[PDB]
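**Student:** Shown below is the structure under consideration.
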Amino acid sequence: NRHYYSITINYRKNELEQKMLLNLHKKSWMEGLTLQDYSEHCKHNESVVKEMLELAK
Amino acid sequence: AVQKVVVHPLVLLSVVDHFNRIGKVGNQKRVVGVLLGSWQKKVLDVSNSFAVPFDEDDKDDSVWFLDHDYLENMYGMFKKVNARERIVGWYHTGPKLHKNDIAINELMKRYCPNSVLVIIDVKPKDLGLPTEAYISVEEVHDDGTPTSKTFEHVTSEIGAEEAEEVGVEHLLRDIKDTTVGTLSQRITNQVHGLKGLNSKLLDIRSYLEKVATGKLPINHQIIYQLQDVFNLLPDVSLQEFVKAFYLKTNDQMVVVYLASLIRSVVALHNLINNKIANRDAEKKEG
Amino acid sequence: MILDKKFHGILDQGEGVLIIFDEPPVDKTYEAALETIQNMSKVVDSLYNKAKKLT
């Protein structure tokens, strides 16, 4: 610390970064049309998830 | 050639910078940026990009202004500091596909290799995925139209490799992770109907409008496949799927037994401690 | 040989109809039945702890 100090750091975000980056990250965790990979799990509940249910039991 | 591409949010936040450094001049036209990526591997991966001064004309649409010296200097310095990424294509922020894009993209078709095109929106109001990879390849048409530049839609995904997920997650502090369970699932199961309702409902209006009030043939051949795929499900009577409803309903019964039995096991510690703790705390309180 | 349960089949005398069928999901009713039987002892033991602490 002798002859060597630091300073605080803050951030800033406008509405364009909030909506564009927030919707961009939600879309980054979502699908393209948002209806594609739903039926994949809805129909995999009878094929693959059954093994996870038997192991869960 | 390319099945899927990977676009990092750094270039779209660079478009946020394109909308930040405007200076309130009142132009906000389709600023063209030089897209960078890795064309070596079969999959496309955009790391970063830069900008180039691009200005058009008000009346005449065929006016386009590019620069070769600035592109060779930014590509020379950027290649000197990082030789792992080279030029791939470009991208414009305009929501409408103008005719001049064949002349704008034709320069990077002659000098540069096959350039990918990405159309985004100037306002973050579109609920759908803002990035659409449009490859610049010439396709043969069956009706006999002359060979021209065709923009085929290539699927895209928004992902970060190592650090941008940490930076975005730290800057937001509001978004949630996958978090499999009740809320993250029911939110999708509630808002998904609007996620498809705004897109499909927003498309069928201009579609039905251009069906009767349309000219300048828009390749009506693909409409036969459109209504054909729409008619690939001719209202099945669900007669054969009854046994499948018995299987899924049987799994539902399994979930019922797991819920009732497991919760009945959880009720042990509560329905015991509620008695042994209250009676001992009461008999020993005074 | 059907009474020995070596394969799937059943005989017939009046009509002579041969029917072959199987039931793949065997590990479901066994684990479920074991959960019910094992949890019955849990609820009964709970009723023994409460019945002991009350009366």
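Order determines the names: the first chain of the structure tokens is A, the second B, and so forth; residues in each chain are numbered 1 upward, and ligands are numbered 1 upward as they are shown.
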Might you pull out every residue within 12 Å of residue 32 (chain A), with only C-alpha atoms counted and same-chain residues fewer than 4 positions away left off, and present them as a PyMOL selection string?
**Tutor:** (chain A and resi 24+26-28+36-38) or (chain B and resi 127-132+154-158+192+195-196+199)
**Student:** Hey, what does DSSP flag as strand (DSSP E or B) within region 30-245 of chain B? Can you give it to me as JSON, numbers by chain?
**Tutor:** {"B": [32, 33, 34, 35, 36, 37, 44, 45, 46, 49, 50, 51, 86, 87, 88, 89, 90, 91, 92, 116, 117, 118, 119, 133, 134, 135, 136, 137, 138, 149, 150, 151, 152, 153, 154, 155, 156, 157, 158]}
**Student:** Which residues of chain C are close to chain B, meaning at most 10 Å apart when you count only C-alpha atoms, and how do they look as a tab-separated table (two decimals) with N, CA, C and O atoms, in the first residue's frame?
**Tutor:**
```tsv
chain	number	residue	atom	x	y	z
C	28	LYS	N	-40.82	-50.64	-13.70
C	28	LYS	CA	-41.64	-49.56	-13.16
C	28	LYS	C	-42.51	-50.02	-12.00
C	28	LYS	O	-42.45	-49.45	-10.91
C	29	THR	N	-43.30	-51.07	-12.22
C	29	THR	CA	-44.21	-51.55	-11.17
C	29	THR	C	-43.45	-52.18	-10.01
C	29	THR	O	-43.94	-52.17	-8.88
C	32	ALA	N	-42.00	-49.11	-8.05
C	32	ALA	CA	-43.14	-48.42	-7.45
C	32	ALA	C	-43.72	-49.22	-6.29
C	32	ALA	O	-44.00	-48.67	-5.22
C	35	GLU	N	-41.50	-48.96	-3.39
C	35	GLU	CA	-41.64	-47.67	-2.72
C	35	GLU	C	-42.89	-47.62	-1.86
C	35	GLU	O	-42.87	-47.06	-0.75
C	36	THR	N	-43.99	-48.19	-2.34
C	36	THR	CA	-45.22	-48.21	-1.55
C	36	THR	C	-45.06	-49.08	-0.31
C	36	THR	O	-45.43	-48.67	0.80
C	39	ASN	N	-42.67	-47.43	2.12
C	39	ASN	CA	-43.23	-46.22	2.73
C	39	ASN	C	-44.37	-46.52	3.69
C	39	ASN	O	-44.62	-45.73	4.61
C	40	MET	N	-45.08	-47.64	3.50
C	40	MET	CA	-46.09	-48.05	4.47
C	40	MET	C	-45.48	-48.22	5.85
C	40	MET	O	-46.07	-47.80	6.85
C	42	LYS	N	-42.93	-46.63	6.87
C	42	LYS	CA	-42.58	-45.29	7.33
C	42	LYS	C	-43.79	-44.61	7.98
C	42	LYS	O	-43.67	-44.02	9.06
C	43	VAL	N	-44.95	-44.68	7.32
C	43	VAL	CA	-46.14	-44.04	7.87
C	43	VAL	C	-46.60	-44.76	9.13
C	43	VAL	O	-47.06	-44.13	10.09
C	45	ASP	N	-44.64	-46.43	11.24
C	45	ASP	CA	-43.70	-46.05	12.30
C	45	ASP	C	-43.97	-44.63	12.78
C	45	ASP	O	-43.82	-44.34	13.97
C	46	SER	N	-44.36	-43.74	11.87
C	46	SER	CA	-44.74	-42.39	12.28
C	46	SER	C	-45.96	-42.42	13.19
C	46	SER	O	-46.01	-41.70	14.20
C	47	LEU	N	-46.95	-43.24	12.86
C	47	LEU	CA	-48.11	-43.40	13.73
C	47	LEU	C	-47.75	-44.06	15.05
C	47	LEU	O	-48.48	-43.88	16.04
C	49	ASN	N	-44.74	-43.45	16.58
C	49	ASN	CA	-44.10	-42.38	17.34
C	49	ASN	C	-45.12	-41.38	17.86
C	49	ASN	O	-45.04	-40.95	19.02
C	50	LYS	N	-46.09	-41.00	17.03
C	50	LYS	CA	-47.13	-40.08	17.48
C	50	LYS	C	-48.06	-40.74	18.49
C	50	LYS	O	-48.43	-40.13	19.50
C	53	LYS	N	-46.09	-40.78	21.72
C	53	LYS	CA	-45.90	-39.48	22.36
C	53	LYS	C	-47.21	-38.85	22.83
C	53	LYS	O	-47.18	-37.98	23.70
C	54	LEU	N	-48.35	-39.28	22.28
C	54	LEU	CA	-49.63	-38.70	22.66
C	54	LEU	C	-50.30	-39.51	23.77
C	54	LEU	O	-50.64	-38.96	24.83
```
**Student:** Within 12 Å of residue 47 (chain A), counting only C-alpha atoms, which residues show up once you throw out same-chain ones fewer than 5 positions away? Write them as a list in words, please.
**Tutor:**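 Listing them by chain and then by number gives residues 40, 41, 42, 52, 53 and 54 of chain A; 247, 248 and 251 of chain B; 25 of chain C.
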**Student:** Only residues of chain A matter here; which ones have an atom within 10 Å of chain B, counting only C-alpha atoms? Give them as a PyMOL selection string.
**Tutor:** chain A and resi 11-13+15-35+38+42-43+45-46+50+53+57
**Student:** Take the selection from the previous step and output its residues with C-alpha atoms, as a PDB file, in the first residue's frame.
**Tutor:**
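Heads up, here's the output in again.pdb:
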```pdb
ATOM      1  CA  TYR A  11     -20.935   0.757 -13.938  1.00  0.00           C
ATOM      2  CA  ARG A  12     -23.581   2.331 -16.160  1.00  0.00           C
ATOM      3  CA  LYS A  13     -26.275   0.877 -18.421  1.00  0.00           C
ATOM      4  CA  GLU A  15     -32.122   1.298 -21.892  1.00  0.00           C
ATOM      5  CA  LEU A  16     -30.636   0.155 -25.212  1.00  0.00           C
ATOM      6  CA  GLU A  17     -28.072  -2.071 -23.489  1.00  0.00           C
ATOM      7  CA  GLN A  18     -30.700  -3.233 -20.983  1.00  0.00           C
ATOM      8  CA  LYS A  19     -33.324  -4.288 -23.535  1.00  0.00           C
ATOM      9  CA  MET A  20     -30.948  -5.254 -26.356  1.00  0.00           C
ATOM     10  CA  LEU A  21     -28.512  -7.113 -24.094  1.00  0.00           C
ATOM     11  CA  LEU A  22     -31.221  -8.564 -21.833  1.00  0.00           C
ATOM     12  CA  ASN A  23     -33.370  -9.759 -24.738  1.00  0.00           C
ATOM     13  CA  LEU A  24     -30.175 -10.873 -26.492  1.00  0.00           C
ATOM     14  CA  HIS A  25     -29.152 -13.022 -23.515  1.00  0.00           C
ATOM     15  CA  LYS A  26     -32.656 -14.414 -22.981  1.00  0.00           C
ATOM     16  CA  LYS A  27     -32.684 -15.251 -26.691  1.00  0.00           C
ATOM     17  CA  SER A  28     -29.187 -16.693 -26.231  1.00  0.00           C
ATOM     18  CA  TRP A  29     -30.773 -19.096 -23.721  1.00  0.00           C
ATOM     19  CA  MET A  30     -33.935 -19.532 -25.836  1.00  0.00           C
ATOM     20  CA  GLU A  31     -34.655 -21.195 -29.177  1.00  0.00           C
ATOM     21  CA  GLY A  32     -34.848 -19.761 -32.683  1.00  0.00           C
ATOM     22  CA  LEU A  33     -38.610 -19.906 -33.198  1.00  0.00           C
ATOM     23  CA  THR A  34     -39.056 -20.720 -29.451  1.00  0.00           C
ATOM     24  CA  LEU A  35     -41.316 -23.679 -30.372  1.00  0.00           C
ATOM     25  CA  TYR A  38     -40.214 -27.993 -26.587  1.00  0.00           C
ATOM     26  CA  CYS A  42     -42.222 -33.346 -24.303  1.00  0.00           C
ATOM     27  CA  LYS A  43     -41.699 -36.474 -26.423  1.00  0.00           C
ATOM     28  CA  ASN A  45     -40.294 -37.763 -21.471  1.00  0.00           C
ATOM     29  CA  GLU A  46     -41.425 -41.196 -22.718  1.00  0.00           C
ATOM     30  CA  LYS A  50     -37.992 -42.793 -18.133  1.00  0.00           C
ATOM     31  CA  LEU A  53     -37.149 -41.685 -13.470  1.00  0.00           C
ATOM     32  CA  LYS A  57     -36.489 -44.133  -7.926  1.00  0.00           C
TER      33      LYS A  57
END
```
**Student:** For a test of reading the model, state the distance in Å between CA of residue 263 (chain B) and CA of residue 51 (chain C), rounded to one decimal.
**Tutor:**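 Here the two named atoms are 20.8 Å from each other.
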**Student:** Let me make sure I understand: among C:4, C:9, C:18, C:30, which one has the smallest atom-to-atom distance to chain A if we use only C-alpha atoms?
**Tutor:**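 Of the candidates, the smallest distance to chain A is held by C:30.
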**Student:** Identify, with DSSP run on backbone atoms, the residues in region 185-245 of chain B assigned to helix (DSSP H, G or I), and express the list as a ChimeraX atom specification.
**Tutor:** /B:185-212,221-230,242-245
**Student:** I'd like the interatomic distance between CA of residue 266 (chain B) and CA of residue 283 (chain B), to a tenth of an Å.
**Tutor:**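 CA of residue 266 (chain B) sits 26.6 Å away from CA of residue 283 (chain B).
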**Student:** To one decimal in Å, tell me the separation between CA of residue 230 (chain B) and CA of residue 209 (chain B).
**Tutor:** 18.4 Å
**Student:** Applying 10 Å and only C-alpha atoms, which residues near residue 75 (chain B) remain after dropping the ones on its own chain fewer than 3 positions away? List them as a PyMOL selection string.
**Tutor:** chain B and resi 34+36+49-50+69-72+78-83+85-87
**Student:** Can you spit out the residues from that selection as an mmCIF file, in the first residue's frame, using N, CA, C and O atoms?
**Tutor:**
```cif
data_model
loop_
_atom_site.group_PDB
_atom_site.id
_atom_site.type_symbol
_atom_site.label_atom_id
_atom_site.label_comp_id
_atom_site.auth_asym_id
_atom_site.auth_seq_id
_atom_site.Cartn_x
_atom_site.Cartn_y
_atom_site.Cartn_z
ATOM 1 N N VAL B 34 -17.841 -4.191 -41.113
ATOM 2 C CA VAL B 34 -17.076 -5.286 -41.696
ATOM 3 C C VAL B 34 -17.036 -6.427 -40.686
ATOM 4 O O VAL B 34 -16.358 -6.337 -39.658
ATOM 5 N N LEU B 36 -16.029 -9.909 -39.045
ATOM 6 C CA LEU B 36 -14.832 -10.730 -38.974
ATOM 7 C C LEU B 36 -15.166 -12.072 -38.337
ATOM 8 O O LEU B 36 -16.105 -12.185 -37.545
ATOM 9 N N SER B 49 -15.328 -7.340 -34.514
ATOM 10 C CA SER B 49 -15.469 -6.680 -35.807
ATOM 11 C C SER B 49 -15.131 -5.204 -35.630
ATOM 12 O O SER B 49 -14.782 -4.751 -34.537
ATOM 13 N N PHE B 50 -15.239 -4.455 -36.725
ATOM 14 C CA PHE B 50 -14.993 -3.019 -36.718
ATOM 15 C C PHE B 50 -15.989 -2.366 -37.672
ATOM 16 O O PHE B 50 -16.934 -3.003 -38.146
ATOM 17 N N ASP B 69 -8.616 1.336 -48.450
ATOM 18 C CA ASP B 69 -7.431 1.627 -47.649
ATOM 19 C C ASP B 69 -7.707 1.430 -46.164
ATOM 20 O O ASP B 69 -6.872 0.875 -45.439
ATOM 21 N N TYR B 70 -8.875 1.873 -45.691
ATOM 22 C CA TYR B 70 -9.215 1.698 -44.284
ATOM 23 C C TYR B 70 -9.438 0.229 -43.950
ATOM 24 O O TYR B 70 -9.115 -0.219 -42.843
ATOM 25 N N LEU B 71 -9.987 -0.537 -44.895
ATOM 26 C CA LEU B 71 -10.192 -1.963 -44.666
ATOM 27 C C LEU B 71 -8.864 -2.711 -44.633
ATOM 28 O O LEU B 71 -8.677 -3.621 -43.816
ATOM 29 N N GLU B 72 -7.931 -2.347 -45.517
ATOM 30 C CA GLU B 72 -6.629 -3.005 -45.524
ATOM 31 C C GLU B 72 -5.771 -2.570 -44.343
ATOM 32 O O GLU B 72 -4.889 -3.321 -43.910
ATOM 33 N N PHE B 78 -5.155 -5.292 -37.275
ATOM 34 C CA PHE B 78 -5.864 -6.323 -36.522
ATOM 35 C C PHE B 78 -5.283 -7.706 -36.784
ATOM 36 O O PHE B 78 -5.241 -8.541 -35.874
ATOM 37 N N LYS B 79 -4.835 -7.967 -38.014
ATOM 38 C CA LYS B 79 -4.165 -9.230 -38.302
ATOM 39 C C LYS B 79 -2.780 -9.278 -37.669
ATOM 40 O O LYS B 79 -2.299 -10.360 -37.314
ATOM 41 N N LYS B 80 -2.132 -8.121 -37.515
ATOM 42 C CA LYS B 80 -0.825 -8.086 -36.869
ATOM 43 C C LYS B 80 -0.942 -8.354 -35.374
ATOM 44 O O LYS B 80 -0.092 -9.039 -34.792
ATOM 45 N N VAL B 81 -1.986 -7.827 -34.734
ATOM 46 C CA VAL B 81 -2.165 -8.066 -33.306
ATOM 47 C C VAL B 81 -2.828 -9.419 -33.056
ATOM 48 O O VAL B 81 -2.613 -10.034 -32.006
ATOM 49 N N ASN B 82 -3.624 -9.910 -34.007
ATOM 50 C CA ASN B 82 -4.292 -11.204 -33.857
ATOM 51 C C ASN B 82 -4.447 -11.801 -35.254
ATOM 52 O O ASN B 82 -5.339 -11.399 -36.007
ATOM 53 N N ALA B 83 -3.585 -12.759 -35.585
ATOM 54 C CA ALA B 83 -3.603 -13.405 -36.890
ATOM 55 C C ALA B 83 -4.523 -14.617 -36.943
ATOM 56 O O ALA B 83 -4.596 -15.274 -37.987
ATOM 57 N N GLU B 85 -7.788 -14.510 -36.722
ATOM 58 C CA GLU B 85 -9.068 -14.113 -37.288
ATOM 59 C C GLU B 85 -8.831 -13.265 -38.528
ATOM 60 O O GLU B 85 -7.976 -12.373 -38.525
ATOM 61 N N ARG B 86 -9.591 -13.544 -39.585
ATOM 62 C CA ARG B 86 -9.463 -12.843 -40.855
ATOM 63 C C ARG B 86 -10.839 -12.374 -41.315
ATOM 64 O O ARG B 86 -11.854 -12.606 -40.653
ATOM 65 N N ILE B 87 -10.864 -11.698 -42.465
ATOM 66 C CA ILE B 87 -12.114 -11.187 -43.012
ATOM 67 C C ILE B 87 -12.981 -12.343 -43.494
ATOM 68 O O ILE B 87 -12.485 -13.333 -44.048
#
```
